[PDB]
Amino acid sequence: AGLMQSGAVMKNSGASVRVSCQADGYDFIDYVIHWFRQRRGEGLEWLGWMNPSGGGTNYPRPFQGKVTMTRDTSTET
Amino acid sequence: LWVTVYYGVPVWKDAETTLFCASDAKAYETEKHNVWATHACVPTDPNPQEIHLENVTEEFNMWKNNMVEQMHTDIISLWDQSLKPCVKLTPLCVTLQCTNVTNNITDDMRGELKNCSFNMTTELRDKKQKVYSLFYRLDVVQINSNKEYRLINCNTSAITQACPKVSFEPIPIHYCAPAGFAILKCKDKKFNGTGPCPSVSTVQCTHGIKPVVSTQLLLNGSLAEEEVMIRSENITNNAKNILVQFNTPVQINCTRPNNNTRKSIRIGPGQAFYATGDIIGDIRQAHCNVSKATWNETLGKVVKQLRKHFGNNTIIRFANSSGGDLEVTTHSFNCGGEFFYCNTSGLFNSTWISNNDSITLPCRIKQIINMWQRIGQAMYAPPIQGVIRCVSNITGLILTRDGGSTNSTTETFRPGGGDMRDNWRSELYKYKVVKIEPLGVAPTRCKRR
Amino acid sequence: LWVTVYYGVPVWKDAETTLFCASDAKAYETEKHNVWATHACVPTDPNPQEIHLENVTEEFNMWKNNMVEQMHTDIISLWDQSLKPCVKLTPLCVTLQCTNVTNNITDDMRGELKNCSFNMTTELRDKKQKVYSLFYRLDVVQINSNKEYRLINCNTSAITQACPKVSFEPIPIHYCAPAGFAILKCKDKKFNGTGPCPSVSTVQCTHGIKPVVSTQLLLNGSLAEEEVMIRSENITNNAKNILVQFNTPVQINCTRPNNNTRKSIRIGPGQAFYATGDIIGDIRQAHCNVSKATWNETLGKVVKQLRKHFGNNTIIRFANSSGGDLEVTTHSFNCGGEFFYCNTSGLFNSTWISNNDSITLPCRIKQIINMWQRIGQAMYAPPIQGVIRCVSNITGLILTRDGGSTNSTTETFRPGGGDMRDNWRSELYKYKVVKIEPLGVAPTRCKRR
Amino acid sequence: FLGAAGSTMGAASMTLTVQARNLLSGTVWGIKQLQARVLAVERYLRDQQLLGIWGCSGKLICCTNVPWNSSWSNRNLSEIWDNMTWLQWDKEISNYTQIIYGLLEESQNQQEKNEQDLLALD
Amino acid sequence: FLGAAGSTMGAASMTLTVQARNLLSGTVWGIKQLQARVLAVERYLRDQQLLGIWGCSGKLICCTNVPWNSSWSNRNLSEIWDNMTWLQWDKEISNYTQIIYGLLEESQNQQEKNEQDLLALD
Amino acid sequence: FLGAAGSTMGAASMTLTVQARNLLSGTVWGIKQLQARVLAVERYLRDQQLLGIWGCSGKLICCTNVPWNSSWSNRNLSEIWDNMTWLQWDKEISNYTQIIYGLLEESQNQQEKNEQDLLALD
């Protein structure tokens, strides 16, 4: 089962990008998602979470507006 | 010492059973066929039948509870029911030559509503039916030409039209248990949802409860009493939504302020459609008004009632939502049949320290829901002619704590929600189901023949 | 002598009641919503609860039995259930511009599969939808032009598409009775289905049983033990099909050996179709392999186990079927969702007297069933990408005796079947339902006050 | 549980305690086992009723103020508790159960409790 | 009704009469309260059965021909009717209820009613 | 069966044995007679419960340690078993049934079985 992270990718200063977590093996709607980051030799960091139900989230203070995490219930993604 | 048993003893334990409603009598008479959905719901014990309990304390857990999920499965069951025989809508996923508006109603109501035109099944099978109707912007979607749109649902989920005879009025329901099962009823006013509650009664026919349908804002609910109350399964867990109950009723007046007109379209036989017609006179957006200073003082007593957990001096701040579906990002709810989504943005741009008109926030109306993520079926909210006005009390709120990783520096909140079950927990906080066993045996120097 | 009654006495008689399943616990956890169909089936007594019986003999009749037909009505009931909410297919009885194949796959797989192309409802109502899909030869039919075909069902019976979330895996089910009713359990290994059985236990929760679905060949079933067993209601009646149970498991490996691809066609809203795409790489026919010499020796021990009825020296011969529908003329069955029909012709062209690779017989796949003659509805067997492989044990067989009117000259057999109920009798052979009455009165010189 | 119905009646008499133990032991397709449990309860209660309307009701065993009938298969005392079994008896008894019941339920307690009233007064 | 489970056992003993009063007190979504009432009846009857198979059956209170066991929490006479409550007892008792039942339902009436037969004859 | 409710009470007293005989006597549209049989059982059991919680339980007839009340329609001994019928009585009695029940179910066995305990000890 598990989850599908898209492959690594390069972009550019400024700019913007989108990343995919595909879910297989259970209830997309139940349960909740979080995201995390490890920089160049760094203690891991929390990014944010989404309940895939209504869609409610919570972005930590220093990353609000920076990040935009979402879901698609039908694609279960 | 011998043994001797006793039938009727005071002993029970943690169990959860099936339970039944109770909808009293004066609801029973209103002629016009069927009501809410309580078809065979049996009326209420007209006397308060409760028994105070002496020197007993046991532990309520408002999240480990069950009758909340009982009522949840119940209401999605009767949701399915309600519409099950109602009119289908399969000939609406059709192309839609549309446009905007023609009346002096400001950009405040610019377009948004749409004047679509399209063919349709007649009563018969052969003839088509060139027709036209008016729709809120969120019911339609572009497709790559003049103005042909699609309904939002037609790539996801079929849709049925509610029988117009249904009315969306929450009615006080008395959930009542069977015997062998009792409801322990907590009777202090300071019970943060978890733990043992000393002040208790025993009850079977819980009070009349309206299953109010709203996000972020909790409507017509129960009061708290002295010191407004707040509850979390473990608030340090920010992700645990926070549910709050007021000791103070918040006045709220909502209004969809346009005089509509209805179209009994004939997609017959039998199945008749109900469309929007053109509107009477001016056009203005639905919205709601609330008493400014009462709002002020309630959020006062709140922010007073929180720093206890977060240090008598901490930085508080509120904000508009973290971005969700229209149900969670706004105050979604129903009034008088149709469905509002209120931009609750205006009531949180604030920061709180330590110890004049009235507020008009606007709401936009939508007619296409598939609620409880129950997609596969959508409900067409039929139109209502005339205008709509709505008196309501606000009694609680669903909120989200920001996780500002510091120590106890700055903590900020927003109206949470999404999971509807809390609007039930918020009146289920005060009940526990117990299975009694009337048997209990004791040793004693007593002989038989 | 007076009279005196007794409550709990050991007396019962021939009765048949309603009974309930039992599906144990480790089946209960696999997350993903619903299983087989056991939604409320209650788990199994985790201990073998049985009682051997002393000096009791009474008569089992495996054909006069009932719980077989109980399970039969049960399974067609849940068959109806299973698909009841699943996706309809009414826009498929449509003309079908088709053709054959384009890949180096021999005449062994020549055409047979078809590459049809046709219009379709969109998500919306207006637009058509030019599309194309691939089908087994037996799903389609000519009509008097290039290559326009029809689905087989469209002149007989509508069709629904199974919800893909369903899986066709037989799971051991424990049929369990109520009280007052007992199951007498025969415990010799030599019980030709009829007559009294001395070696018996009493039981309520019968063993876990998989309702394997196959014709001629009996799969994953129960073993016999020492001397393979055979049963007929009266075999002299040739028309009485003969059911045989093995003491020996027959290895069988089936394979549909092509890597498919699936199409979530959008005939929306909601209702999404699932079509065949083009195939990965080479194409080869489904088939099955079986260990030659084990087959040899099992049919040995059989032909040894039959002439007892037909003289220690009689002419035996087997053959391919007497011509029936594809279900009975071949080894019909399911593996991994999709549905095989195996040309069991190859395993019977033999003649038996008195006292090396491995066998590869091919099977062709069909997706359109209406099984149990339950026409009026058909099931679309949806596709599966990748390849399919299937380990199975063969444990019994359904056969037909030729009526060669002589005296006991030559008698010849073929794989019978058709009536599915035998695959149940073949594990129902060992049970009888008895209604106990706990009451029994006797004369005796005892007085009351 | 129903241990040895083939053991004779006098042997079997030792315990009548487990056959009366598991005899209760604590959506369509879901309607059915409800329909089954309910008549299991009715059978139990039909029993307890036929029981209480007899002087019995006192569970399991109960002596009675009516004797035997010759014709009802004249036999012997050791021929049945030592040489017979339960169904073995009731298959024979099938031919007379009805008026047996009829006479118990009438000619007993009705007389017996009325006579009792005639002494439950003084 | 369940008035004061926190009152001690000797106080609570005064009436055992209302907890046994309202314990019965006289379409889908309509199937459910049927499914509930039915097992309320079964629980009542499981009770009455466990009761009658004991020498009890005589409602509410019933003395019995088996005494105590030391190890089963040796305590005192005034420490429980004057200082304890009901669940307070049965939470302790949870650890031994089973063989208690087992010995009642067997070693009692079965012996007791057979001995009774041994005198209900002469 | 309900033979002659118009025969007087003393005549009717002779048999109370058949009205208690057929009183149990052994898909939608199929759900209904289930819903009916079930409350027939509940009515029977409500009866047997109201019965057992009285000193009665002993079926059919049962003398009791509470007498009469003057005001409850003072009448005579021959005026009712020889000149009245059953409903004829209970239509009058409709006005007092409740506290009748209330006093039986309390002031009787509760006192009576506790006093019995007070002698079931020595």
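For clarity, chains are labelled A, B, C, D, E and F in written order, and residue numbers in each chain start from 1.
Methods note: contacts are C-beta pairs under 8 Å (C-beta built on N, C-alpha and C of every residue); 3 or more make two chains touch, one makes a residue touch a chain.
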item: Which of B-E and B-F has more C-beta pairs touching across its chains; value: B-E
item: Gap in Å, rounded to a whole number, between the CA centres of subunit E and subunit A; value: 58
item: Cα-centroid distance, subunit C relative to subunit F, in whole angstrom; value: 59
item: Where subunit B and subunit C are represented by their mean Cα positions, the distance between them in whole Å; value: 49
item: Distance between chain centroids, defined by C-alpha means - subunit C, subunit E (Å); value: 51
item: Subunit E, residues touching no fewer than two other chains; value: 16-17, 20, 24, 31, 35, 37-38, 41, 44-45, 59-61, 63, 117, 120-121
item: Shared-contact residues (touching 2 or more other chains) in subunit B; value: 156, 375, 446-448
item: Contacts with 2+ other chains: residues of subunit A; value: none
item: Touching pairs among all chains present in the structure; value: A-B, A-C, B-C, B-E, B-F, C-D, C-E, D-E, D-F, E-F
item: Residue ranges of subunit C touching subunit E (in the complex, touch as defined); value: 445-448
item: Of subunit F, residues touching subunit E in the complex; value: 31, 35, 38, 41-42, 45-46, 49, 52-53, 57, 105-106, 109-110, 113-114, 117, 120-121
item: In the complex, subunit A residues that touch subunit B; value: 29, 32, 46, 49, 51, 53-62, 64, 68, 73-74
item: Subunit E residues touching subunit B - in the complex, by the definition given at the top; value: 1-7, 9, 12-13, 16-20, 22-25, 27-30, 32-33, 35-37, 40, 43-44, 47, 50-51, 54-56, 59-68, 77, 80, 85-87, 89-90, 100, 104
item: Residue numbers on subunit F that touch subunit D, as the complex places them; value: 15-17, 20-21, 24, 26, 31, 34, 37-38, 41, 44-45, 58-61, 63
